[PDB]
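Chemist: Structure: input39.pdb, PDB, C-alpha atoms.
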MODEL        1
ATOM      1  CA  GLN A 563      84.846  36.764 -39.825  1.00  0.00           C
ATOM      2  CA  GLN A 564      83.122  38.651 -42.672  1.00  0.00           C
ATOM      3  CA  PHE A 565      85.288  37.774 -45.710  1.00  0.00           C
ATOM      4  CA  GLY A 566      88.198  35.393 -46.426  1.00  0.00           C
ATOM      5  CA  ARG A 567      91.539  36.058 -48.169  1.00  0.00           C
ATOM      6  CA  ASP A 568      93.838  33.742 -50.196  1.00  0.00           C
ATOM      7  CA  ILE A 569      97.540  33.095 -49.463  1.00  0.00           C
ATOM      8  CA  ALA A 570      98.082  36.251 -51.556  1.00  0.00           C
ATOM      9  CA  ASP A 571      96.251  39.537 -50.801  1.00  0.00           C
ATOM     10  CA  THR A 572      93.116  38.542 -52.796  1.00  0.00           C
ATOM     11  CA  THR A 573      89.601  37.760 -51.482  1.00  0.00           C
ATOM     12  CA  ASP A 574      88.692  34.043 -51.816  1.00  0.00           C
ATOM     13  CA  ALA A 575      85.461  33.891 -49.776  1.00  0.00           C
ATOM     14  CA  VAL A 576      82.858  36.270 -48.290  1.00  0.00           C
ATOM     15  CA  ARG A 577      80.156  35.934 -45.605  1.00  0.00           C
ATOM     16  CA  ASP A 578      77.038  36.850 -47.604  1.00  0.00           C
ATOM     17  CA  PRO A 579      74.738  39.245 -45.704  1.00  0.00           C
ATOM     18  CA  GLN A 580      70.910  38.636 -45.778  1.00  0.00           C
ATOM     19  CA  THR A 581      71.564  34.862 -45.442  1.00  0.00           C
ATOM     20  CA  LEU A 582      74.711  34.589 -43.219  1.00  0.00           C
ATOM     21  CA  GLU A 583      76.288  31.990 -45.578  1.00  0.00           C
ATOM     22  CA  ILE A 584      79.799  31.608 -47.071  1.00  0.00           C
ATOM     23  CA  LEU A 585      80.235  32.329 -50.809  1.00  0.00           C
ATOM     24  CA  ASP A 586      83.464  31.407 -52.643  1.00  0.00           C
ATOM     25  CA  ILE A 587      84.574  34.197 -55.030  1.00  0.00           C
ATOM     26  CA  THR A 588      86.381  32.865 -58.119  1.00  0.00           C
ATOM     27  CA  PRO A 589      87.926  35.345 -60.623  1.00  0.00           C
ATOM     28  CA  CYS A 590      85.551  34.876 -63.579  1.00  0.00           C
ATOM     29  CA  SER A 591      87.186  33.226 -66.645  1.00  0.00           C
ATOM     30  CA  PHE A 592      89.549  35.200 -68.935  1.00  0.00           C
ATOM     31  CA  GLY A 593      92.295  34.161 -71.382  1.00  0.00           C
ATOM     32  CA  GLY A 594      94.355  34.951 -74.501  1.00  0.00           C
ATOM     33  CA  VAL A 595      92.914  34.310 -77.988  1.00  0.00           C
ATOM     34  CA  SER A 596      95.251  32.482 -80.407  1.00  0.00           C
ATOM     35  CA  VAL A 597      94.517  31.797 -84.098  1.00  0.00           C
ATOM     36  CA  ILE A 598      95.609  28.518 -85.742  1.00  0.00           C
ATOM     37  CA  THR A 599      96.301  29.394 -89.409  1.00  0.00           C
ATOM     38  CA  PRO A 600      98.013  27.148 -92.031  1.00  0.00           C
ATOM     39  CA  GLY A 601      98.992  30.335 -93.954  1.00  0.00           C
ATOM     40  CA  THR A 602      97.219  32.684 -96.412  1.00  0.00           C
ATOM     41  CA  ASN A 603      98.598  30.665 -99.352  1.00  0.00           C
ATOM     42  CA  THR A 604      97.434  27.306 -97.888  1.00  0.00           C
ATOM     43  CA  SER A 605      93.919  28.323 -96.732  1.00  0.00           C
ATOM     44  CA  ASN A 606      91.919  31.288 -95.372  1.00  0.00           C
ATOM     45  CA  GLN A 607      90.181  28.864 -92.950  1.00  0.00           C
ATOM     46  CA  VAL A 608      91.454  29.431 -89.370  1.00  0.00           C
ATOM     47  CA  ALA A 609      90.714  28.044 -85.885  1.00  0.00           C
ATOM     48  CA  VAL A 610      90.426  30.022 -82.616  1.00  0.00           C
ATOM     49  CA  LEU A 611      92.114  28.720 -79.441  1.00  0.00           C
TER      50      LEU A 611
ATOM     51  CA  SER B  31     102.746  35.885 -19.835  1.00  0.00           C
ATOM     52  CA  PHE B  32     103.818  32.673 -21.675  1.00  0.00           C
ATOM     53  CA  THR B  33     102.037  32.642 -25.088  1.00  0.00           C
ATOM     54  CA  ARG B  34      98.858  34.591 -24.126  1.00  0.00           C
ATOM     55  CA  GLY B  35      97.531  37.995 -25.291  1.00  0.00           C
ATOM     56  CA  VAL B  36      97.166  36.991 -28.970  1.00  0.00           C
ATOM     57  CA  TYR B  37      93.840  38.204 -30.436  1.00  0.00           C
ATOM     58  CA  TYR B  38      92.416  38.098 -33.972  1.00  0.00           C
ATOM     59  CA  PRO B  39      93.941  41.191 -35.670  1.00  0.00           C
ATOM     60  CA  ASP B  40      90.810  41.764 -37.828  1.00  0.00           C
ATOM     61  CA  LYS B  41      87.531  40.236 -39.077  1.00  0.00           C
ATOM     62  CA  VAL B  42      89.484  38.879 -42.104  1.00  0.00           C
ATOM     63  CA  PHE B  43      89.165  35.072 -42.392  1.00  0.00           C
ATOM     64  CA  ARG B  44      92.282  33.066 -43.332  1.00  0.00           C
ATOM     65  CA  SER B  45      92.442  29.259 -43.756  1.00  0.00           C
ATOM     66  CA  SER B  46      95.683  27.216 -43.319  1.00  0.00           C
ATOM     67  CA  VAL B  47      97.880  30.294 -44.012  1.00  0.00           C
ATOM     68  CA  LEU B  48     100.574  32.055 -41.947  1.00  0.00           C
ATOM     69  CA  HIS B  49      99.869  35.816 -41.705  1.00  0.00           C
ATOM     70  CA  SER B  50     102.335  38.429 -40.370  1.00  0.00           C
ATOM     71  CA  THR B  51     100.874  41.688 -38.991  1.00  0.00           C
ATOM     72  CA  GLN B  52     102.190  44.562 -36.829  1.00  0.00           C
ATOM     73  CA  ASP B  53      99.595  45.551 -34.183  1.00  0.00           C
ATOM     74  CA  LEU B  54      99.491  46.286 -30.443  1.00  0.00           C
ATOM     75  CA  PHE B  55     100.155  42.824 -28.957  1.00  0.00           C
ATOM     76  CA  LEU B  56     101.248  41.461 -25.575  1.00  0.00           C
ATOM     77  CA  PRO B  57     104.868  40.256 -26.008  1.00  0.00           C
ATOM     78  CA  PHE B  58     105.392  36.493 -25.510  1.00  0.00           C
ATOM     79  CA  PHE B  59     106.787  35.397 -22.096  1.00  0.00           C
ATOM     80  CA  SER B  60     106.673  39.055 -20.940  1.00  0.00           C
ATOM     81  CA  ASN B  61     106.348  40.065 -17.264  1.00  0.00           C
ATOM     82  CA  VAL B  62     102.631  40.633 -16.464  1.00  0.00           C
ATOM     83  CA  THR B  63     101.623  42.421 -13.231  1.00  0.00           C
ATOM     84  CA  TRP B  64      99.292  40.071 -11.294  1.00  0.00           C
ATOM     85  CA  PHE B  65      97.256  41.014  -8.192  1.00  0.00           C
ATOM     86  CA  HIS B  66      95.170  39.035  -5.658  1.00  0.00           C
TER      87      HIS B  66
ENDMDL
END
Show how you would write the structure in this file as structure tokens.
Modeler:
Amino acid sequence: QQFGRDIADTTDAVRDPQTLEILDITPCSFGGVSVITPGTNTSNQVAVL
Amino acid sequence: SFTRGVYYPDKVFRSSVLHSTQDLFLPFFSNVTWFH
């Protein structure tokens, strides 16, 4: 085997050449950005989730 | 033939998953011509 696949059609692991070892590939982090705001009247200070 | 003639379809590695593929395979329990 040269590379591994998940239950879905996505690659989960690979056989790294130059060392013949197994490397797990994780989709690098991503996410939505939400803004906690009490309201323009209450305060302009906001938090980022 | 019983349950023989199955080969790895590719160099893809799969762990604890069921995979369905359509390739040239020997049918299960098929008649196989045997010679001495």
Chemist: Report as a ChimeraX atom specification the full result of the PyMOL selection byres ((chain A) within 7 of (chain B)) when it is applied to this structure.
Modeler: /A:563-567,569
Chemist: Step by step, work through what the PyMOL selection byres ((chain A and resi 593-599) around 8) selects in the shown file, and finish by giving those residues as a list in words.
Modeler: residues 591, 592, 600, 601, 602, 605, 606, 607, 608, 609, 610 and 611 of chain A
Chemist: Selection from above, C-alpha atoms, as a compact mmCIF listing (two decimals), in the coordinates of the input, can you write it?
Modeler:
# COMPACT_ATOMS: atom_id res chain seq x y z
CA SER A 591 87.19 33.23 -66.64
CA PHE A 592 89.55 35.20 -68.94
CA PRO A 600 98.01 27.15 -92.03
CA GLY A 601 98.99 30.34 -93.95
CA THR A 602 97.22 32.68 -96.41
CA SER A 605 93.92 28.32 -96.73
CA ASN A 606 91.92 31.29 -95.37
CA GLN A 607 90.18 28.86 -92.95
CA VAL A 608 91.45 29.43 -89.37
CA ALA A 609 90.71 28.04 -85.88
CA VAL A 610 90.43 30.02 -82.62
CA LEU A 611 92.11 28.72 -79.44
Chemist: Padding 5 Å on every side, please: axis-aligned box over the listed atoms of segment 49-56 of chain B, centre and edge lengths to one decimal in Å, as AutoDock Vina command-line options.
Modeler:
--center_x 100.9 --center_y 41.1 --center_z -33.6 --size_x 12.8 --size_y 20.5 --size_z 26.1
Chemist: Separation of atom CA of residue 58 of chain B and atom CA of residue 33 of chain B, in Å?
Modeler: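 Value for the atom CA of residue 58 of chain B-atom CA of residue 33 of chain B distance: 5.1 Å.
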Chemist: Could you list the residues chosen by the PyMOL selection byres ((chain B and resi 35) around 10) in this structure as a list in words?
Modeler: residues 31, 32, 33, 34, 36, 37, 54, 55, 56, 57 and 58 of chain B
Chemist: At what distance in Å, to one decimal, does atom CA of residue 572 of chain A lie from atom CA of residue 588 of chain A?
Modeler: 10.3 Å
Chemist: For atom CA of residue 589 of chain A and atom CA of residue 575 of chain A, quote the distance in Å rounded to one decimal.
Modeler: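 Going from atom CA of residue 589 of chain A over to atom CA of residue 575 of chain A, I get 11.2 Å.
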